[PDB]
Every structure is written in structure tokens, then in C-alpha cells.
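K.L.:
To start, I am sharing the structure in question, which I have written as C-alpha cells.
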Amino acid sequence: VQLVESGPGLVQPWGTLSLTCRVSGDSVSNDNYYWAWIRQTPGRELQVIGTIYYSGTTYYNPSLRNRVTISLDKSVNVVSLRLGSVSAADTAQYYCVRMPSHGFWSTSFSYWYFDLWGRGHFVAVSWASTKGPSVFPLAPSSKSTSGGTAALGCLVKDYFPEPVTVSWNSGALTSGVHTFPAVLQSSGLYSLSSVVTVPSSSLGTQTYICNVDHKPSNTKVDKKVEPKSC
Amino acid sequence: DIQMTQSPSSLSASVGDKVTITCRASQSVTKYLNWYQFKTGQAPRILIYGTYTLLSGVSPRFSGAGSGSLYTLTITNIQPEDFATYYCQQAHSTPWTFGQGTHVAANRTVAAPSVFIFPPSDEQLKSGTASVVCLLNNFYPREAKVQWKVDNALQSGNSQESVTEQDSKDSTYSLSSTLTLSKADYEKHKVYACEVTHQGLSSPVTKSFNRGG
Amino acid sequence: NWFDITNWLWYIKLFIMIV
Ligand SMILES: *[C@@H]1O[C@H](CO)[C@@H](O)[C@H](O)[C@H]1NC(C)=O
Ligand SMILES: C[N+](C)(C)CCOP(=O)(O)O
């Protein structure tokens, strides 16, 4: 059983924001399960947006009830969330979730818990328009060497909205990598850096490429990082 | 709505210690109380439902307890894979509500950071600004002081800092202090230096370059 | 809504199990 959530990265204020969760294990009309949407705001608070059943019945959190609708699309096995009149306070990670429906004679009747969670999907809500990042090398030098190992990276500067995804050597490099969290610059745009430590002997034989992705502006960038000879 | 509070908000522990997390509710929730595990990298994961019940594949180190308004999660022989943040949720009333979360991090032995410095990329100087990065790699504890000095003067609001989460195996942090400047100011000065103070360093450690040569 | 009802139903079911 797999749960893949999807939707837009950025939504305009007063718009309606739609997410879809594709359910990959069993049918949504399984009727042993309800399906639900739960969200986490920046600031770590968990809010439970909605409850639904194969029969069509829905539960909505009162603070949203005036403007949310959840529904099943049985033919393709998806569960949909629409959220209208959306504001900045709807910026959050949106999780799709499964919930056992225990029947009357079940040992565990009336026990309601969220037993399976998707990975989440982030939605920023902003008047501001999309903007891709610029990528600059952080080249290794003698100034970025300590003993036998050298440090190198690339700077991902001036982008909106969050998030950016960074990899090294197309995924083949995953040892000692540190891609930091973003920071909100004075401009109102975000920037981060991604850095890896490698053995200094390996410069001049091993190529180091960093791969940046920014899906809200359809940006993919591969920046090659060359050694300096300080 | 039933209000929920966990204690402590954050704690840190050595591998092997017993760790207990308390969850108090504004009403009685009569044992309809669930526990979840949140780690960066994976999807949130349930471990207990209805105060005491473990789900398949959750290790028996985890154990739940409680009644009335007061419940408690316990990690018995805490392991590297257990360091994460834990949430309690009440299933008693119509609008279901979670706690605020307890972040459990590792205690570890002191580790001094290795310091690196990066001047601005030629590509970036063409664009008209200049960012210089100071990197502090793989240290513990989290507290570290990073001061920037340009031709011996301290920089005020010139720089921004960022800090990774604790490494899963290393149990350590890394930190970037990036100082951002107009191409103007950067062309002005000569000697750019990054000074670091941290426990497990006896003397402050400085890394510096001269603009150009 | 049905959720809150199961809260009471549990006790109904106990009343039943006794008999
Ligand atoms: C870590 O363990 C040592 C053991 O002596 C203790 O003194 C110290 O207070 C602990 N620190 C934290 C952050 O748990
Ligand atoms: C019935 N309940 C499990 C929901 C709570 C009350 O159980 P108990 O307090 O009778 O053990």
C-alpha cells in the first residue's frame, strides 16, 4: 500500500487549492478504511482538515467547514481535496492519510487512529510570483582544506517559493553531504548552500557536479565545481 | 477544542537511556490517545493507539500508559533510529487535536568543528553581488560563535547563519555563516576573515584570505 | 459525528456483552 500526494507548489490568494492523493495498495471503496487530509503548518502544529468514507459522507474541521470539500474519485483510485478562498495562513505541508474503520464487534471498536501517512506535499500561498534560483560554485581551495579532506559546494541563491532539492553526482554521491535549510533573505527570496567533504586526493580524478531542482519554476540546473589550486 | 500539551518540548538523551514523554489534555480523553513518530526523510508513522496498543512493526521498546487527562510514552533502551520527534493525539472529541511535539535528540561527546572558507564565485561577481561562506563542519554541542572580520572590523548585520539537523550516525551538527555584500564593498577591502569559538576549541580558530592573490 | 457516537456505543456494547 502506497500513498503519493501531488498538486501545485504555489497558489494565488483568494484562489482554490486542489491536491490529489493516488492510493496504490487497495481500492478506496474498501470500506474497511476512511481517508483523510492532515496538515502541518510552519511552526509544527498539526491540523486535521477532513474525513471521508466510500459511501460519500464527509467530516470537515469546523474552522474550515465553510470552504473545503473532500471526495473520492473511485475510477482512478484517488482522493481529492479542494480548499477555497485560500490565504497565506494555508501555507503548510499537506499529508494524505488512512484510517481503520473498526466495526461494532471488532475488539477495537471506537478506536480511531491514522495508521498510514503519505510523505506530504508543500503548498505556498503568496501574491509573489515564482522565481528560479541562481547556482554558483563553492570551489575547493587550500582555504577550504583541513588535513587530508577538502570541502566544496554550490550556492543556491535568490529563489521563491520553497522548496529546492539538491543532489550530488546524480545521486551517486551520498557521504558527508550537508545541504542546509533555506534562509529568508531581506529581499524576501530564499537561498541555501549544499556542501560535501571528500578526500583531497580525489580532486583532479573525480568530477563533482551538483544537481538543483526547483519544481515551482520548472528549474533544473547542473553546476560543475572545479578545484582552484589556491 | 481539546487543548494538548507535551513535556518536555525538547530533551536530549544518550543511547540506552530511558526516555519518558508526558502528554496532558484540557479534558479527560478517556484513553483515546495515539502516538506518532516524525523523522526527516520518512513519512510520519503511528506507533501506539488507544493509550497502550502497539502496531505491527513498531519495536516493543516503545510503551504507552495513562488515563484521565494524563498519558505518557516511554522509550526503554533508546536507539539511534529512535531519535526523532513524537506527537500525541486525542481521539475523544469531534475535532481531533494533536500535541505540540517532543523533539528527542542525542547526547554525545564534545567535537570541535573543522572550519572552511569560500570566496565568491567569479560567476557571482559578474552578477554584481558577492557572498562568502564560512563552513563549520561536524561539531557538538550546537552552540557556536561565528564572527566576521573585514580588515579587522566586525560586520553587524552583514551575515546570515544556517544549521543542519543532527546527523543520524555522527550525532553532530554543521553550520554555514554566509556574509553577503555588494560588489562595491567587496572590491573595497583586502583581508576577509572568519573567526570561530566553540567548546572543545581552546583558542578561537580563524580562516582568512586576501581578495585576489 | 458518527465518530463521537462510537464513544457511547462502546458502553452500549458492554451492556450487551454482560448479557
Ligand atoms: C550529557 O551527559 C553529561 C554526563 O555527565 C551531563 O553532565 C550533561 O549535563 C548532559 N548534557 C545534555 C545536554 O544532556
Ligand atoms: C471504554 N474506553 C476504553 C474507551 C475507555 C474506558 O475504559 P475503562 O476505563 O473502562 O478501562
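Here's how to read the names in the C-alpha cells: chain A, B, ... by the order shown, residue numbers from 1 in each chain, ligand numbers from 1 in the order shown.
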Select residues of chain C: the criterion is any atom within 9 Å of an atom of chain B, counting only C-alpha atoms; output as a PyMOL selection string.

P.N.:
chain C and resi 1+3-4+7

K.L.:
Which chains and residue numbers are within 9 Å of ligand 2, counting only C-alpha atoms and all ligand atoms, if I want them as a VMD selection string?

P.N.:
(chain A and resid 108 to 111) or (chain B and resid 29 to 32 50 67 to 68 92) or (chain C and resid 7 to 8 10 to 11 14)

K.L.:
Within 7 Å of residue 132 (chain B), counting only C-alpha atoms, which residues qualify if same-chain residues fewer than 6 places away don't, as a ChimeraX atom specification?

P.N.:
/B:118-120,178-180

K.L.:
Work out how far apart CA of residue 137 (chain A) and CA of residue 150 (chain B) are and give it in Å to one decimal.

P.N.:
22.3 Å

K.L.:
Please provide the set of residues having any atom within 9 Å of region 126-136 of chain A, restricted to only C-alpha atoms, with same-chain residues fewer than 3 positions apart removed, written as a PyMOL selection string.

P.N.:
(chain A and resi 10-13+87-88+91+153-161+164+189-191+212+214-219+221-223+225) or (chain B and resi 120-124)

K.L.:
Go ahead and save the picked residues with N, CA, C and O atoms, as a compact mmCIF listing (two decimals), in the first residue's frame.

P.N.:
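Output file out-v4.txt is given in full below:
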# COMPACT_ATOMS: atom_id res chain seq x y z
N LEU A 10 2.68 26.52 -5.64
CA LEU A 10 2.36 27.88 -5.24
C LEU A 10 0.94 28.18 -5.68
O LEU A 10 0.55 27.86 -6.80
N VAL A 11 0.17 28.81 -4.79
CA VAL A 11 -1.22 29.15 -5.07
C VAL A 11 -1.44 30.63 -4.75
O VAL A 11 -0.95 31.14 -3.74
N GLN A 12 -2.20 31.31 -5.64
CA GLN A 12 -2.52 32.73 -5.50
C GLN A 12 -3.59 32.92 -4.42
O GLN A 12 -4.48 32.08 -4.26
N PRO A 13 -3.51 34.01 -3.64
CA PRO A 13 -4.55 34.30 -2.65
C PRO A 13 -5.93 34.47 -3.28
O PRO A 13 -6.08 34.99 -4.39
N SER A 87 -5.76 31.60 1.94
CA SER A 87 -4.92 32.73 2.33
C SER A 87 -3.50 32.28 2.65
O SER A 87 -3.16 31.10 2.58
N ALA A 88 -2.68 33.27 3.05
CA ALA A 88 -1.32 32.99 3.48
C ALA A 88 -1.24 31.96 4.59
O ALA A 88 -0.30 31.15 4.62
N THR A 91 -0.45 28.12 4.06
CA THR A 91 0.86 27.62 3.69
C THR A 91 1.23 26.50 4.65
O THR A 91 1.41 26.73 5.85
N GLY A 153 31.31 22.94 -2.55
CA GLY A 153 29.86 23.02 -2.60
C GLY A 153 29.36 23.85 -3.76
O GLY A 153 30.06 24.10 -4.74
N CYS A 154 28.08 24.20 -3.66
CA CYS A 154 27.49 25.18 -4.56
C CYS A 154 26.38 25.93 -3.82
O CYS A 154 25.66 25.37 -2.98
N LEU A 155 26.31 27.23 -4.11
CA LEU A 155 25.39 28.19 -3.52
C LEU A 155 24.16 28.34 -4.39
O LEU A 155 24.28 28.62 -5.59
N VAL A 156 22.98 28.10 -3.81
CA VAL A 156 21.68 28.20 -4.46
C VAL A 156 20.99 29.46 -3.94
O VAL A 156 20.33 29.42 -2.89
N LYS A 157 21.10 30.57 -4.68
CA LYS A 157 20.72 31.89 -4.18
C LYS A 157 19.53 32.45 -4.94
O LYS A 157 19.37 32.21 -6.14
N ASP A 158 18.70 33.21 -4.21
CA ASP A 158 17.59 34.01 -4.74
C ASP A 158 16.54 33.20 -5.49
O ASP A 158 16.54 33.16 -6.72
N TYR A 159 15.65 32.54 -4.75
CA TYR A 159 14.57 31.77 -5.32
C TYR A 159 13.33 31.90 -4.45
O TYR A 159 13.43 32.14 -3.24
N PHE A 160 12.18 31.72 -5.07
CA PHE A 160 10.89 31.70 -4.39
C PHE A 160 9.97 30.89 -5.30
O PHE A 160 10.05 31.03 -6.53
N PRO A 161 9.11 30.03 -4.75
CA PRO A 161 8.88 29.73 -3.34
C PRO A 161 9.65 28.51 -2.95
O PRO A 161 10.22 27.83 -3.79
N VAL A 164 13.67 23.87 -2.63
CA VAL A 164 14.63 23.41 -3.63
C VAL A 164 15.17 22.07 -3.16
O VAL A 164 15.26 21.82 -1.95
N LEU A 189 13.39 36.60 -0.79
CA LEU A 189 13.68 35.38 -1.53
C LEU A 189 14.54 34.47 -0.67
O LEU A 189 15.14 34.89 0.32
N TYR A 190 14.61 33.19 -1.05
CA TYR A 190 15.30 32.18 -0.26
C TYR A 190 16.63 31.81 -0.91
O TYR A 190 16.83 31.96 -2.12
N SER A 191 17.55 31.31 -0.08
CA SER A 191 18.84 30.86 -0.57
C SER A 191 19.42 29.86 0.42
O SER A 191 19.16 29.95 1.62
N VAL A 212 20.55 20.83 -8.89
CA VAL A 212 19.50 21.58 -8.22
C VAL A 212 18.20 21.41 -8.99
O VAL A 212 18.18 21.40 -10.23
N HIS A 214 14.06 22.94 -8.76
CA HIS A 214 13.07 23.87 -8.21
C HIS A 214 11.81 23.72 -9.05
O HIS A 214 11.62 24.43 -10.04
N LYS A 215 10.96 22.78 -8.65
CA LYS A 215 9.76 22.46 -9.43
C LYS A 215 8.78 23.62 -9.56
O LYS A 215 8.09 23.68 -10.59
N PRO A 216 8.59 24.50 -8.57
CA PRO A 216 7.65 25.61 -8.77
C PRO A 216 7.97 26.53 -9.96
O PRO A 216 7.04 27.16 -10.49
N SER A 217 9.22 26.62 -10.42
CA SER A 217 9.54 27.40 -11.62
C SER A 217 10.08 26.53 -12.75
O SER A 217 10.51 27.06 -13.78
N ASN A 218 9.94 25.21 -12.63
CA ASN A 218 10.48 24.20 -13.54
C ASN A 218 11.98 24.42 -13.83
O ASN A 218 12.44 24.29 -14.96
N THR A 219 12.74 24.67 -12.77
CA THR A 219 14.19 24.84 -12.89
C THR A 219 14.93 23.55 -12.53
O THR A 219 14.74 22.99 -11.45
N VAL A 221 19.14 22.60 -12.73
CA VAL A 221 20.45 23.17 -13.01
C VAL A 221 21.51 22.18 -12.56
O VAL A 221 21.40 21.59 -11.48
N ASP A 222 22.52 21.96 -13.40
CA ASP A 222 23.69 21.16 -13.04
C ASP A 222 24.90 22.07 -13.09
O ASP A 222 25.32 22.48 -14.18
N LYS A 223 25.47 22.36 -11.93
CA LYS A 223 26.64 23.21 -11.86
C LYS A 223 27.83 22.34 -11.50
O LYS A 223 27.78 21.56 -10.54
N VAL A 225 31.68 21.85 -10.27
CA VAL A 225 32.51 22.51 -9.28
C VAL A 225 33.94 22.06 -9.52
O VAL A 225 34.25 20.87 -9.37
N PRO B 120 33.78 34.52 -3.09
CA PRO B 120 32.67 34.50 -4.04
C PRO B 120 33.07 34.03 -5.42
O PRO B 120 34.18 34.26 -5.90
N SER B 121 32.14 33.32 -6.04
CA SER B 121 32.36 32.75 -7.36
C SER B 121 32.49 33.85 -8.39
O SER B 121 31.69 34.78 -8.42
N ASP B 122 33.48 33.71 -9.28
CA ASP B 122 33.64 34.69 -10.34
C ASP B 122 32.31 34.95 -11.02
O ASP B 122 31.93 36.11 -11.27
N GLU B 123 31.61 33.87 -11.37
CA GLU B 123 30.27 33.98 -11.93
C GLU B 123 29.40 34.92 -11.12
O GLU B 123 28.69 35.77 -11.67
N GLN B 124 29.46 34.79 -9.79
CA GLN B 124 28.61 35.63 -8.94
C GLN B 124 29.09 37.07 -8.89
O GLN B 124 28.26 37.98 -8.79

K.L.:
Quick one: of B:80, B:8, B:141, B:57, who's nearest to chain A, counting only C-alpha atoms?

P.N.:
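Smallest distance to chain A is found for B:57.
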